[PDB]
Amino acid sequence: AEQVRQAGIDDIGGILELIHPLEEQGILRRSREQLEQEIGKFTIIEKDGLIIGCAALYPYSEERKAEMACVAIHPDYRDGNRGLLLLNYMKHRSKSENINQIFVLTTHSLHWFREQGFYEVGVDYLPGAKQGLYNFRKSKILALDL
């Protein structure tokens, strides 16, 4: 069959392959170490040992929201409802962690999202952590070693 399951460390290589062409295309970038650190957030689809889909879920526990991000379907495996498969799996998983909304940040696929019952919200809806970033031009990221 075809498996939808939470990702593990042996899946990083396969996730990277799905994501890399998205990064070149200006869509997403994730280093391997970054993926190692977040792996728990990722779900994939495996077909005959090939990773043909992934998606990440970032919970905002106290706001009871979660962002579904980094959703990729293998180019040879589109038009097989695989996006929907990941979403329904995400829906079901969020529900079981006391989360009652999923949100996405997208420039692509409005018709499809609307068709799933997604509605558009303003930046104020974003959980406070995710607010500093939506309102990003002359905007610098600064880090401090503790």
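Heads up: residue numbers just count along the shown sequence, starting at 1.
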Select one of none, 1 to 3, 4 to 9, or 10 or more to describe the deposited residues without coordinates separating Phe136 and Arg137.
-> 1 to 3
For the neighbouring pair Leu28 and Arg29, the stretch of deposited sequence with no coordinates amounts to 1 to 3
Stretch with the higher entry mean CA B-factor, where the candidates are 107-115 and 64-72 = 107-115
Using the B-factor values recorded in the entry, state whether the Cα atom of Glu120 falls in the lowest, middle or highest third among the modelled residues of its chain.
-> lowest
Grab the CA temperature factor for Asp48 from the record and place it in the lowest, middle or highest third of its chain.
-> lowest
Assert third(CA B-factor, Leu35) within chain per record equals highest
Give the position of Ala7 by CA B-factor within its chain, expressed as the lowest, middle or highest third.
-> middle
Mind checking which third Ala143 falls in for C-alpha B-factor across the chain?
-> lowest
